[PDB]
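> Starting from these lines, generate the structure:
(one chain, ligands or ions: 1)
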Amino acid sequence: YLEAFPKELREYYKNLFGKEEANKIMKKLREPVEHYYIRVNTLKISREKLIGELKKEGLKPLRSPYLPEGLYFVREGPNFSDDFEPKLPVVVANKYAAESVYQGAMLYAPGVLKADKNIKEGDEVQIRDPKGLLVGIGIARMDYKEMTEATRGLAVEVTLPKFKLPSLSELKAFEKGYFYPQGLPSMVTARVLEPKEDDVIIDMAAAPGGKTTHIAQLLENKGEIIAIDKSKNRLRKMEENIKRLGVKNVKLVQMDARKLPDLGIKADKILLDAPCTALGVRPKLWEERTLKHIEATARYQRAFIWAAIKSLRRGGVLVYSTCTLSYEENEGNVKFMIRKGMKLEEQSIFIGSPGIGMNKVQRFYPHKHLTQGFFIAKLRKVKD
Ligand SMILES: Nc1ncnc2c1ncn2[C@@H]1O[C@H](CSCC[C@H](N)C(=O)O)[C@@H](O)[C@H]1O
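Residues are numbered from 1 along each chain as shown. The protein structure is shown below:
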């Protein structure tokens, strides 16, 4: 698994976590989350009612004892060994198709990069990513010719994915806005913010609106949430998410969040779920980002943070979160905040790990908590 991570990053992890822990983290990072979480949209349905609906569809949702809005599905796999060499013709899936097949998706024709020319419908085939990673085994539903030419349709029925997570996007329950797939750490983040119907609230990197819509249901669609993002497309997706979930609580504004103080607003609550190197996201087939990215991105985040601090009322609260493992983007950037008149505060839910040499922030690790790598800091603005 070590091969998935560039050498300097591997050394970075070893230095930051220790060899043993670093190896455990990288090993687990290569795999999908063991517990696949969704958020119950309490704007439309209760937890137990939704469970009833999911059991109807043959699913086995389990309840979280920490998040009353949390449900998770247990992951299946690995369905074959890491060294397994099937005696099968090869279908090569592109980078994006391979990651979904790796988690139980079918392989569709646009997801096909190239393939063995002997392949005919009904043949048993093995599916590999462009770098030779075996991600699944299945049965071809197209001949070679159609597989490499079709613009749509089913190319390989994946009957033996490396791992299996439930597909929920096609469920009626999903279409009716009953839930939103979202990781446990991300859900804890919105809770730890403790939004109140009275609060002036800003999500300054909000799209596609996972944490924004969670705030909306915690507010029970009362008050107002200001949601910022620079990307019009991701905002477009956020508009669809809002409509589907029945969220009436949110005001979308497109802009560079680093210029936030240009508004006249002094917020009581700010969520900064910041753009990051995403070193913690799963599954991690091949890690492309490295040290140069950590420094650059950490520096990039400081612009957001400063903008947030200046836009916070005194006594105001900032929640900073990332889906990355790096020190610089996390504990390092919190020290920055501490130098700018912010103070660490106890988080209302703490089920993760302590931060690196730092007491009140909350970290999540894949090998310890069965989640994506994650980071959460909660701060109080004591002065300007
Ligand atoms: N300079 C900038 N100003 C505002 N938003 C930015 C930005 N640079 C990146 N972003 C946005 O920051 C987001 C980080 S992903 C955040 C996901 C979101 N909080 C959720 O829970 O669903 C991306 O959507 C990206 O569009």
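> Let me know the secondary structure of whatever residue of the stretch 1-150 of the chain ends up closest to the ligand.
Going by C-beta to the nearest ligand atom, the ligand is nearest to residue 39 of the stretch 1-150 of the chain, at 10.5 Å. C-beta here means a position set from N, CA and C on the backbone, and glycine is covered the same way. Look at residue 39: counting by DSSP: H, G, I helix; E, B strand; the rest coil, its state is strand.
> For it, give the beta-bridge partners.
With DSSP bridges as the criterion, residue 39 is bridged to residue 70, residue 180.
> check contacts around it.
By C-beta atoms under 8 Å, 6 or more residues apart in numbering, the contact list for residue 39 reads 69-70, 179-182, 187, 210, 214.
> can you rerun that using 10 Å?
Contact analysis of residue 39 by C-beta atoms under 10 Å, 6 or more residues apart in numbering lists 67, 69-71, 179-184, 186-187, 190, 210-211, 213-214, 217, 245.
> Check residue 245 too.
Here residue 245 is in contact with 39, 41, 43-44, 176-180, 209, 212-214, 216-217 (criterion: C-beta under 10 Å, 6+ apart).
> Out of these, the closest to residue 234 would be?
Distance to residue 234 across those (C-beta to C-beta) is lowest for residue 209, with 8.8 Å.
> count of residues packed around the nearest residue to residue 14 once chain neighbours are set aside?
Distances taken as C-beta to C-beta, 6 or more residues apart in numbering put residue 22 closest to residue 14, at 4.5 Å, once the chain neighbours are dropped. A total of 21 residues lie near residue 22 under the criterion other C-beta atoms under 10 Å.
> Touching, residue 22 and residue 13? I think so.
Yes: Residue 22 is within contact range of residue 13, at 3.9 Å (criterion: C-beta atoms under 10 Å).
> Mutual contacts of those two, please.
Shared contacts of residue 22 and residue 13, counting by C-beta under 10 Å, 6+ apart, come down to 5, 325.
> Could I have the CA atoms of the strand ranked longest in the chain written out in PDB?
For the chain, the longest strand by residue count, based on DSSP state E, is strand 312-322. Listed next in PDB are the C-alpha coordinates belonging to strand 312-322 (Å, rounded to 0.1, in the frame of the first residue of the first chain):
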ATOM      1  CA  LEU A 312     -16.600  37.700  13.700                       C
ATOM      2  CA  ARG A 313     -18.200  39.600  16.500                       C
ATOM      3  CA  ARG A 314     -16.300  39.600  19.800                       C
ATOM      4  CA  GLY A 315     -17.700  36.700  21.700                       C
ATOM      5  CA  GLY A 316     -18.200  35.000  18.300                       C
ATOM      6  CA  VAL A 317     -17.400  31.400  17.500                       C
ATOM      7  CA  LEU A 318     -15.400  30.000  14.600                       C
ATOM      8  CA  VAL A 319     -15.400  26.300  13.700                       C
ATOM      9  CA  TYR A 320     -12.500  25.400  11.500                       C
ATOM     10  CA  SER A 321     -12.400  21.900   9.800                       C
ATOM     11  CA  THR A 322     -10.400  20.100   7.200                       C
END
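> Noted, bye for now.
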